[PDB]
Structure formats: C-alpha cells, structure tokens
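Novice: The file below is query-v9.cif, mmCIF, C-alpha atoms and all ligand atoms:
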data_query
loop_
_atom_site.label_atom_id
_atom_site.label_comp_id
_atom_site.auth_asym_id
_atom_site.auth_seq_id
_atom_site.Cartn_x
_atom_site.Cartn_y
_atom_site.Cartn_z
CA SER A 1 -4.92 33.34 44.29
CA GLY A 2 -4.45 30.31 41.92
CA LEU A 3 -1.58 28.32 40.36
CA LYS A 4 -1.33 28.10 36.62
CA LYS A 5 1.66 26.79 34.73
CA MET A 6 2.41 29.91 32.74
CA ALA A 7 4.94 31.02 30.18
CA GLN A 8 6.84 34.25 30.39
CA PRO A 9 5.66 36.65 27.70
CA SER A 10 7.05 35.66 24.33
CA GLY A 11 7.28 39.03 22.59
CA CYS A 12 11.02 39.69 22.86
CA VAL A 13 11.72 36.21 21.48
CA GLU A 14 9.03 36.26 18.75
CA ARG A 15 10.96 38.85 16.83
CA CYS A 16 14.16 36.69 16.92
CA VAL A 17 12.63 33.71 15.06
CA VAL A 18 13.26 33.05 11.34
CA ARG A 19 12.52 30.42 8.64
CA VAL A 20 15.71 28.53 7.67
CA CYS A 21 15.58 26.46 4.50
CA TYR A 22 18.22 24.09 3.21
CA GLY A 23 17.29 22.41 -0.01
CA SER A 24 13.69 21.47 0.60
CA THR A 25 14.14 20.99 4.38
CA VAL A 26 12.60 23.80 6.52
CA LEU A 27 12.92 24.59 10.18
CA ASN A 28 13.31 27.49 12.59
CA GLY A 29 16.29 29.70 13.39
CA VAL A 30 17.05 32.13 16.21
CA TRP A 31 18.42 35.38 14.90
CA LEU A 32 20.49 37.36 17.40
CA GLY A 33 22.69 40.16 16.10
CA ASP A 34 23.92 38.96 12.72
CA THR A 35 23.75 35.24 13.60
CA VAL A 36 20.93 32.78 12.96
CA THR A 37 21.48 29.76 15.20
CA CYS A 38 19.55 26.66 14.17
CA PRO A 39 19.66 22.88 14.34
CA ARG A 40 22.30 21.38 12.13
CA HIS A 41 20.21 18.63 10.67
CA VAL A 42 18.64 21.21 8.38
CA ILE A 43 21.52 20.10 6.10
CA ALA A 44 21.09 16.40 6.76
CA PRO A 45 20.68 14.41 3.58
CA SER A 46 18.08 11.92 4.86
CA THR A 47 16.39 10.47 7.94
CA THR A 48 16.65 6.65 7.67
CA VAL A 49 20.45 5.97 7.79
CA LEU A 50 23.18 7.45 10.03
CA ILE A 51 24.39 10.94 9.06
CA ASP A 52 28.00 11.94 8.56
CA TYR A 53 27.72 15.58 9.66
CA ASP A 54 31.40 16.26 9.04
CA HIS A 55 30.76 15.26 5.37
CA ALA A 56 27.40 17.08 5.17
CA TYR A 57 28.99 20.28 6.42
CA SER A 58 32.08 20.07 4.17
CA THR A 59 29.81 19.42 1.13
CA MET A 60 27.28 22.00 2.25
CA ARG A 61 26.80 24.81 -0.31
CA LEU A 62 25.61 28.27 0.81
CA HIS A 63 23.49 28.69 -2.30
CA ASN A 64 20.94 26.11 -0.99
CA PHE A 65 20.24 28.09 2.17
CA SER A 66 17.30 30.47 2.20
CA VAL A 67 16.79 32.33 5.46
CA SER A 68 13.64 34.47 5.50
CA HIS A 69 11.56 36.22 8.11
CA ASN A 70 7.95 37.11 7.44
CA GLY A 71 8.78 36.83 3.76
CA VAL A 72 11.78 39.23 4.01
CA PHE A 73 15.24 38.35 2.99
CA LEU A 74 18.25 37.56 5.16
CA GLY A 75 21.40 36.83 3.26
CA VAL A 76 23.74 34.07 4.26
CA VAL A 77 27.33 35.15 4.45
CA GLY A 78 28.70 32.02 6.02
CA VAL A 79 28.06 29.01 8.21
CA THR A 80 30.02 27.36 11.08
CA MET A 81 28.96 24.16 12.84
CA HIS A 82 29.09 23.83 16.67
CA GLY A 83 27.92 20.53 18.09
CA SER A 84 24.35 19.95 16.88
CA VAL A 85 23.79 23.58 15.73
CA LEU A 86 24.76 25.80 12.80
CA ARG A 87 25.71 29.40 13.27
CA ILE A 88 24.63 30.99 10.01
CA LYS A 89 26.19 34.49 9.72
CA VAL A 90 23.86 36.85 7.88
CA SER A 91 23.90 40.22 6.17
CA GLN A 92 21.52 42.13 8.48
CA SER A 93 21.79 42.43 12.25
CA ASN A 94 18.45 41.70 13.89
CA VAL A 95 17.36 45.11 15.01
CA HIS A 96 14.97 43.47 17.56
CA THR A 97 17.76 41.51 19.26
CA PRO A 98 17.03 41.62 22.97
CA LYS A 99 19.51 41.93 25.78
CA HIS A 100 20.40 38.27 26.11
CA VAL A 101 22.73 35.58 27.23
CA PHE A 102 23.11 31.89 26.59
CA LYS A 103 22.56 29.66 29.63
CA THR A 104 22.54 25.82 29.91
CA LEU A 105 19.63 24.20 31.82
CA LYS A 106 20.20 21.76 34.73
CA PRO A 107 17.41 19.29 35.34
CA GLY A 108 14.76 20.72 37.64
CA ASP A 109 15.02 24.08 35.88
CA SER A 110 11.91 25.53 34.32
CA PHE A 111 11.81 27.46 31.06
CA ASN A 112 9.56 28.65 28.28
CA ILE A 113 9.26 27.02 24.85
CA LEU A 114 8.01 29.14 21.96
CA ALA A 115 6.77 26.57 19.50
CA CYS A 116 7.50 27.80 15.97
CA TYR A 117 6.85 26.51 12.42
CA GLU A 118 8.19 28.05 9.16
CA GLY A 119 9.85 30.73 11.30
CA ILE A 120 6.57 31.79 12.91
CA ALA A 121 5.65 31.48 16.57
CA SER A 122 2.48 29.48 16.97
CA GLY A 123 2.46 28.79 20.69
CA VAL A 124 4.12 29.29 23.97
CA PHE A 125 4.28 27.20 27.07
CA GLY A 126 6.19 26.53 30.25
CA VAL A 127 7.98 23.27 30.83
CA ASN A 128 10.50 21.66 33.20
CA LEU A 129 13.78 20.02 32.21
CA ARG A 130 13.40 16.55 33.57
CA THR A 131 16.03 14.43 35.31
CA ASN A 132 16.41 12.32 32.14
CA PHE A 133 17.22 15.49 30.13
CA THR A 134 13.99 15.45 28.12
CA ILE A 135 10.90 17.66 28.23
CA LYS A 136 7.24 16.83 27.60
CA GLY A 137 6.30 19.35 24.90
CA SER A 138 3.97 19.45 21.86
CA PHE A 139 5.84 19.58 18.62
CA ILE A 140 4.95 18.32 15.20
CA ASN A 141 6.92 18.34 11.94
CA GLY A 142 8.75 21.64 11.48
CA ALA A 143 9.07 22.58 15.13
CA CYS A 144 12.90 22.10 15.24
CA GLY A 145 14.68 25.27 16.00
CA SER A 146 11.86 26.43 18.31
CA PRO A 147 13.71 28.30 21.04
CA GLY A 148 13.36 27.95 24.77
CA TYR A 149 14.24 30.74 27.09
CA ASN A 150 13.77 32.48 30.43
CA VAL A 151 13.55 36.14 31.07
CA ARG A 152 15.24 37.69 34.10
CA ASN A 153 13.93 40.83 35.86
CA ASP A 154 16.35 43.16 34.05
CA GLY A 155 14.56 42.01 30.84
CA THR A 156 17.51 39.74 29.96
CA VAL A 157 16.54 36.78 27.78
CA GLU A 158 18.39 33.65 28.70
CA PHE A 159 18.38 31.54 25.54
CA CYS A 160 18.69 27.95 26.74
CA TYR A 161 17.08 25.47 24.33
CA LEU A 162 16.72 24.71 20.64
CA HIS A 163 14.34 21.98 19.73
CA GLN A 164 16.06 19.03 17.91
CA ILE A 165 14.36 15.60 18.26
CA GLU A 166 11.44 13.55 19.49
CA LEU A 167 12.43 10.19 21.02
CA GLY A 168 10.26 7.10 20.31
CA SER A 169 8.54 7.61 23.68
CA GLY A 170 7.30 11.08 22.57
CA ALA A 171 9.81 12.83 24.90
CA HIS A 172 11.51 15.89 23.40
CA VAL A 173 15.16 16.80 23.28
CA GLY A 174 17.09 19.83 22.24
CA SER A 175 20.44 21.44 22.54
CA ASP A 176 21.55 24.61 24.19
CA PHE A 177 22.92 27.34 21.97
CA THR A 178 26.46 26.00 22.09
CA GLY A 179 25.16 22.96 20.34
CA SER A 180 25.51 20.56 23.31
CA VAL A 181 22.47 18.31 23.19
CA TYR A 182 20.69 18.04 26.54
CA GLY A 183 21.60 14.78 28.30
CA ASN A 184 24.13 13.86 25.63
CA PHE A 185 21.53 12.39 23.25
CA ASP A 186 22.45 12.40 19.56
CA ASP A 187 20.73 14.37 16.86
CA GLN A 188 20.49 11.38 14.63
CA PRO A 189 17.80 8.96 13.67
CA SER A 190 18.98 6.39 16.12
CA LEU A 191 17.51 4.27 18.75
CA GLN A 192 17.95 6.20 21.92
CA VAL A 193 15.90 5.72 24.99
CA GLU A 194 15.82 8.16 27.92
CA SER A 195 16.59 7.10 31.52
CA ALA A 196 13.62 6.87 33.93
CA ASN A 197 11.94 10.17 34.73
CA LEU A 198 12.02 11.08 38.43
CA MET A 199 9.45 13.17 40.26
CA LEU A 200 11.02 16.50 40.97
CA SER A 201 10.61 16.49 44.77
CA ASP A 202 11.53 20.13 45.28
CA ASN A 203 8.72 21.14 42.92
CA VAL A 204 6.32 18.79 44.74
CA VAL A 205 7.20 20.51 47.98
CA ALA A 206 6.59 23.97 46.47
CA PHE A 207 3.35 22.68 45.05
CA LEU A 208 2.22 21.63 48.52
CA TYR A 209 3.14 24.99 50.05
CA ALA A 210 1.06 26.54 47.30
CA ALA A 211 -1.86 24.28 48.02
CA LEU A 212 -1.62 25.32 51.70
CA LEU A 213 -1.52 29.02 50.85
CA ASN A 214 -4.57 28.49 48.61
CA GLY A 215 -6.52 26.93 51.55
CA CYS A 216 -6.01 23.32 50.46
CA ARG A 217 -5.06 21.36 53.61
CA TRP A 218 -7.08 18.07 53.67
CA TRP A 219 -3.90 16.14 52.61
CA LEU A 220 -1.67 17.52 55.35
CA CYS A 221 -0.06 14.86 57.58
CA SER A 222 0.97 15.22 61.26
CA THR A 223 4.03 13.07 60.42
CA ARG A 224 7.47 14.79 60.02
CA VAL A 225 10.36 13.26 58.04
CA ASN A 226 13.86 14.73 57.88
CA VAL A 227 15.71 15.26 54.63
CA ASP A 228 18.03 12.16 54.74
CA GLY A 229 15.04 9.94 55.51
CA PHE A 230 13.07 11.42 52.64
CA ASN A 231 15.94 11.20 50.15
CA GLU A 232 16.39 7.49 50.94
CA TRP A 233 12.62 6.90 50.47
CA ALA A 234 12.76 8.85 47.19
CA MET A 235 15.36 6.66 45.45
CA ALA A 236 13.16 3.68 46.18
CA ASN A 237 10.01 5.40 44.80
CA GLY A 238 10.89 7.45 41.67
CA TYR A 239 11.55 10.87 43.22
CA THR A 240 14.55 13.14 43.39
CA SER A 241 16.41 14.24 46.43
CA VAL A 242 15.19 17.36 48.15
CA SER A 243 17.33 20.41 48.52
CA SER A 244 18.31 22.30 51.66
CA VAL A 245 15.13 23.00 53.76
CA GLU A 246 16.27 26.65 54.20
CA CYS A 247 15.35 27.32 50.53
CA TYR A 248 11.69 27.20 51.50
CA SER A 249 11.99 29.49 54.51
CA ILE A 250 9.58 32.07 53.18
CA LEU A 251 6.80 29.55 52.62
CA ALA A 252 7.55 27.68 55.83
CA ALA A 253 7.04 31.10 57.47
CA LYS A 254 3.89 32.15 55.70
CA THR A 255 2.10 28.81 56.26
CA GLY A 256 3.78 27.72 59.54
CA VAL A 257 4.30 24.25 58.06
CA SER A 258 7.88 22.85 57.84
CA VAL A 259 9.38 21.11 54.84
CA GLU A 260 9.74 18.05 57.01
CA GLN A 261 5.99 17.78 57.33
CA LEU A 262 5.48 18.20 53.56
CA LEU A 263 8.07 15.51 52.84
CA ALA A 264 6.12 13.15 55.10
CA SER A 265 2.86 14.21 53.43
CA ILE A 266 4.52 13.45 50.04
CA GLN A 267 5.14 9.86 51.18
CA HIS A 268 1.41 9.21 52.03
CA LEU A 269 0.25 11.15 49.05
CA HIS A 270 2.43 8.99 46.72
CA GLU A 271 -0.16 6.23 47.28
CA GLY A 272 -3.08 8.14 45.55
CA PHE A 273 -5.51 10.98 46.39
CA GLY A 274 -8.66 8.86 46.95
CA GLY A 275 -10.70 10.80 44.31
CA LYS A 276 -9.94 14.09 46.07
CA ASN A 277 -7.84 16.75 44.37
CA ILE A 278 -5.12 19.22 45.36
CA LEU A 279 -5.69 22.52 43.56
CA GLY A 280 -7.52 20.49 40.90
CA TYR A 281 -4.72 17.90 40.35
CA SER A 282 -5.59 14.20 41.06
CA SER A 283 -1.99 13.03 41.81
CA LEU A 284 1.11 14.93 43.02
CA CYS A 285 2.27 17.71 40.78
CA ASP A 286 5.90 18.57 40.13
CA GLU A 287 5.17 21.18 37.39
CA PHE A 288 6.10 24.15 39.61
CA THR A 289 9.44 25.34 40.94
CA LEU A 290 9.78 27.06 44.25
CA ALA A 291 10.54 30.25 42.37
CA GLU A 292 7.31 29.85 40.34
CA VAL A 293 5.17 29.44 43.43
CA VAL A 294 6.85 32.40 45.21
CA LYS A 295 6.55 34.65 42.10
CA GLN A 296 2.93 33.59 41.43
CA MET A 297 1.72 34.08 45.06
CA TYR A 298 3.85 37.03 46.20
CA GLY A 299 6.15 38.35 43.44
CA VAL A 300 4.91 41.87 42.58
CA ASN A 301 6.43 44.69 44.68
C1 LIG B 1 12.12 18.95 13.44
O1 LIG B 1 11.01 19.86 13.33
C2 LIG B 1 12.90 18.83 12.14
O2 LIG B 1 14.02 18.35 12.18
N1 LIG B 1 12.28 19.20 11.01
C3 LIG B 1 12.82 18.91 9.69
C4 LIG B 1 11.68 18.81 8.70
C5 LIG B 1 11.40 17.61 8.03
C6 LIG B 1 10.34 17.59 7.11
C7 LIG B 1 9.57 18.75 6.86
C8 LIG B 1 9.84 19.95 7.53
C9 LIG B 1 10.90 19.96 8.45
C10 LIG B 1 11.60 17.58 13.87
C11 LIG B 1 10.72 17.69 15.13
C12 LIG B 1 10.09 16.37 15.54
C13 LIG B 1 9.03 15.88 14.57
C14 LIG B 1 7.84 15.47 15.44
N2 LIG B 1 8.14 16.06 16.72
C15 LIG B 1 9.34 16.55 16.80
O3 LIG B 1 9.83 17.05 17.77
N3 LIG B 1 12.74 16.65 14.03
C16 LIG B 1 12.76 15.43 13.46
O4 LIG B 1 11.87 14.92 12.80
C17 LIG B 1 14.00 14.62 13.61
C18 LIG B 1 14.69 14.84 12.27
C19 LIG B 1 16.11 14.36 12.34
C20 LIG B 1 17.00 15.03 13.17
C21 LIG B 1 18.31 14.62 13.25
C22 LIG B 1 18.72 13.54 12.48
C23 LIG B 1 17.82 12.87 11.65
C24 LIG B 1 16.50 13.28 11.57
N4 LIG B 1 13.76 13.19 13.84
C25 LIG B 1 13.24 12.71 14.97
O5 LIG B 1 12.87 13.42 15.90
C26 LIG B 1 13.14 11.20 15.09
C27 LIG B 1 14.54 10.55 15.17
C28 LIG B 1 14.66 9.61 16.36
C29 LIG B 1 15.61 9.85 17.36
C30 LIG B 1 15.71 8.98 18.46
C31 LIG B 1 14.87 7.86 18.56
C32 LIG B 1 13.93 7.62 17.55
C33 LIG B 1 13.82 8.49 16.46
#
Could you show the structure in this file as structure tokens?
Specialist:
Amino acid sequence: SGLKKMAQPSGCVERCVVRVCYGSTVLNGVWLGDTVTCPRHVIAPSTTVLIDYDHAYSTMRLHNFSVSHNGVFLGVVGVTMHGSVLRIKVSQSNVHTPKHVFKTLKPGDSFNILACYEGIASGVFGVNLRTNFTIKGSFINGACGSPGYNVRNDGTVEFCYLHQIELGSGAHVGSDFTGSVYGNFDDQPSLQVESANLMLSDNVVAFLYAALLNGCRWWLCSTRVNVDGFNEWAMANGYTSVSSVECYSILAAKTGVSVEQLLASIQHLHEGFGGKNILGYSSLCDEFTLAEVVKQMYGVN
C-alpha cells in the first residue's frame, strides 16, 4: 500500500545530459544521437533588455560554444535554431542514446523532471503540467536545459520538456523539444503572468479512489453528482472538468464507489478537512493521475 509522488528512474536520461557553454553562460543540453538540444538563450547577450534572437543567432560564432560531458569533449559542428531551442550538431553520437521519441505535454499530463546543473543530474522528481502551462518545480540558476520525460513500458523515453524560465510567481516554464514553449510564454525577460491554476479534477478523483483503496473513507459522502453538474460547479470553484466516468471503471469496480459519489465528495471536501487528513494530505490533492494510482496500486503483472 501507499501513495508517493514518484519519478520514473532517471538512468537512461542521466547519460543524455551535457554541459553547454556559450561565452561565459552555462546551462544543460540533451544529447541524443549527434544532436545536443538546449535552450536558445544560452547565446543571449543579456538579461535586462529584450533579446533579438534572430540577430543573436546570425552573429553567433561556433568558436564560443564549449559542449562537455563529465569533462570530456564534444565538438560542435553546427547549430540551427528552432523556436526557443538550439540544435547543436556534434562530432560524436551519444552511444547511450535511449530508444526515444519527442512528445508534447497537454495539461493534466504528468512527467519527470531531472534537475541538472553544469550538465550533471542533481535531482529527479515527478510533476504535473498545470492548466496554465506551468509546473511547480525547484530550479535555481543553471537549471535551464534540465530535461523532462516519461518512460513507456517498452523502455521508450518520451522527451517532453526542456527547462527555460521561472515566472515572477515562481512558476516554471519550458519548451518541448521542437522549441515550442509550453503555453506560448516567451523565453525573454519580460513581464508575463500565468493564467489561474485550476485543480485537476481527474487527479482529485483518482486520489480519492486511492484513499478508499488504502482504507481512508471518513470523507466519503452519500451524495451523488453527475458529470455535467460537477463540471458546472468546477468552473465556479477553480477546478477542471472531469473526463468520461468510464475511465475510472477499474477503480469504481475495486472499491464499489462510483465517480459520481467522489465528485460529490469533492464538493464538500473543497470546504476544508477539519484537521483530519486523507492519506496524510490536509486539503485535496491533485498530484496523481489515474494512471499513477492504477500503476502504484496494481501495476505489476
Ligand atoms: C536557466 O538556468 C538559465 O537560463 N541559466 C543561464 C545562466 C545564467 C547565469 C549563470 C548560469 C546560467 C535559468 C533558470 C531560472 C533561474 C532560477 N530558476 C529558474 O528556473 N533561466 C533564467 O534565469 C532566465 C534567463 C533568461 C532566459 C531567456 C531570456 C532572458 C533571460 N530568466 C528568468 O527565468 C527570468 C525572466 C522572467 C520571465 C518572465 C517574467 C519575469 C522574469
């Protein structure tokens, strides 16, 4: 039993990370085959004023790159720019390149961030892409380029995030590997503020199924609320819509509690826990996808 917000093992990704230097600026790159992808502001001239990236890229000289890994040398052959990322071609093909694909996160999706500095993985943690296209992460200076990823069952790494910026709120933004910044924020020192963050209802439902299956039932209401009724309530209260109730059929089954009843319970529980806890949490928790709960409670053989 238990529910921990865990990260998929980081090993396959650790060996794809590299230090990318331009001038004196240093951040992380993701080396797959003979390409290091990395955030493009490694070439930015300065933080305070708006950056002409077109100009920076046209005036960018290869001789000021230095791409290393654990002290070893990767040569730069050339550099293209694609949205907010550079694709640095390099002389060696990363022998540790994993079977991978590039995949763009929708909000609600969960993924793993490997926090890296100077091309070295320092930490790993799970996180959800929020409705406002930010994540709540922990990144200090030098964390840009830290990759985010998921790993499928066939061992396939889905590379889906490259850390780029921290908004004034503390919320974190990155791009996918095509260079599209999540939520169409700009990788500039500008004043951008994120929309309001909604509670990811689906994840709250899965959380509550998990609580049930871990013998935590005190909160459970005898009220039922249908999907349309819930969705309407949600808009008014800072919550997302809830997906088809059939998604949860396995957990409905195993607990004998319907989504409808959990949706209702969500509404009462919105008002506070009264000093009680649900699996340790003191307010409702949307950290966990359905898939996470199912995998964590049932997902071996
Ligand atoms: C990255 O780690 C990074 O770009 N590092 C470059 C670097 C500078 C100095 C020494 C070593 C490396 C960093 C990550 C931030 C820092 C704290 N937490 C983070 O997530 N990114 C930034 O500092 C960026 C830099 C930048 C990018 C693009 C254009 C200009 C500057 N800046 C910001 O995150 C703050 C800009 C901002 C954006 C919106 C609203 C307010 C402020």
Novice: Would you mind telling me which residue in A:53, A:298, A:220, A:116 lies nearest to residue 254 in chain A when using all atoms listed in the file?
Specialist: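 Closest to residue 254 in chain A, using all atoms listed in the file: A:298.
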Novice: Write out as JSON, numbers by chain the residues lying within 9 Å of range 235-246 of chain A, counting only C-alpha atoms and excluding same-chain residues fewer than 2 positions away.
Specialist: {"A": [131, 196, 197, 198, 199, 200, 201, 202, 205, 227, 228, 230, 231, 232, 233, 248, 249, 250, 252, 258, 259, 260, 263, 270]}
Novice: So what do you get for CA of residue 23 in chain A versus atom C6 of ligand LIG 1 (chain B), distance-wise?
Specialist: 11.1 Å
Novice: Quick one: residues within 7 Å of ligand LIG 1 (chain B), with all atoms listed in the file, as a list in words?
Specialist: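 What falls inside 7 Å of ligand LIG 1 (chain B) is residues 25, 26, 27, 41, 42, 44, 46, 47, 139, 140, 141, 142, 143, 144, 163, 164, 165, 166, 167, 168, 172, 187, 188, 189, 190, 191, 192 and 193 of chain A.
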Novice: Set the distance at 9 Å and use all atoms listed in the file: which residues neighbour residue 213 in chain A once local chain neighbours fewer than 6 positions away are removed? I'd like the list as a PyMOL selection string.
Specialist: chain A and resi 1+251+254-255+297
Novice: So, counting only C-alpha atoms, which residue among A:288, A:73, A:57, A:273 is closest to residue 128 in chain A?
Specialist: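 Among the listed residues, the smallest separation from residue 128 in chain A belongs to A:288.
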Novice: So, with only C-alpha atoms as the atoms that count, which of A:71, A:29, A:45, A:126 lies closest to residue 88 in chain A?
Specialist: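 Smallest separation from residue 88 in chain A among the options: A:29.
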